[PDB]
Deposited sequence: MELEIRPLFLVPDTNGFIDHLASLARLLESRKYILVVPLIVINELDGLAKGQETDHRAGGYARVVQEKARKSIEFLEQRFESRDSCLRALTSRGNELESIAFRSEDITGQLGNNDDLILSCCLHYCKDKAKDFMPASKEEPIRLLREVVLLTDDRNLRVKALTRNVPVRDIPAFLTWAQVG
C-alpha cells in the first residue's frame, strides 16, 4: 500500500548511539522530533558499558557516553526524549532501570503506527521512522511498513 510519511517519532537502535551519538544529539537538540528509545536498547548499552580487547574497550566508552547522554536528558525531563518498555508503556525516567532484539525494536516503532478501520474511510500515514544501519533490521521494517533510514541520511534530510 502507499504510505504518507511525516516523521515525528524517531526510533534508534543500539548501534546508532555507538556509531552516531553526535547526530542523535543534533536531532534531539533540534526540537523537531520525538526520539523514542526502546528500553532493550538502553539495556544493551548498559551491557556494553559495564563490560578486554581494544575494540571492546573503545565500544565500552562509546556506550558509557551514550548512557551519560540519555541519563542527563531524562534527568531534565526532556520532552523530546522518551523510552518505551517491552509492553508499550512509555517511561519518563530511566535512572533505576533494574535490570538480538530486532523484534522488540520493531514493536516500539509499531507502537506509533496507530491504524484504525475508519482511517481507510487513501494513504497509510506513518509518523515514525526507524533509524538503523543494520540490513536485516531494515528489511524487517520494510516488510512491516515502518519507514527506515540510516542516521546520516536522515540528518541530511532533516536539515537540522
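Comparing the deposited sequence with the modelled residues shows gaps at 52 to 57, 106 to 112, 135 to 141, 181, with numbering starting at 1.
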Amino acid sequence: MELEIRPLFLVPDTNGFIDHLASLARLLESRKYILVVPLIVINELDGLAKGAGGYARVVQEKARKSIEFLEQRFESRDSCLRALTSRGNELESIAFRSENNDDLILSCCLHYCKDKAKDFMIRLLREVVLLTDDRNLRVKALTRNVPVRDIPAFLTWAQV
From here on, numbers count along this sequence of modelled residues.
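Averaged over their C-alpha atoms, the temperature factors of 87 to 95 and 128 to 136 are higher for 87 to 95. Between 137 to 145 and 21 to 29, the higher mean Cα B-factor belongs to 21 to 29. The residue among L106, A52, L39, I34 whose C-alpha atom has the highest B-factor in the PDB entry is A52. Residue-level temperature factors show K65 in the middle third of its chain, judged at the C-alpha atom.
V58: CA B factor in the middle third of modelled residues in this chain (values from the PDB entry).
In the PDB entry, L8 places in the lowest third of its chain by CA B-factor. Sort the modelled residues of the chain by CA B factor and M121 lands in the highest third.
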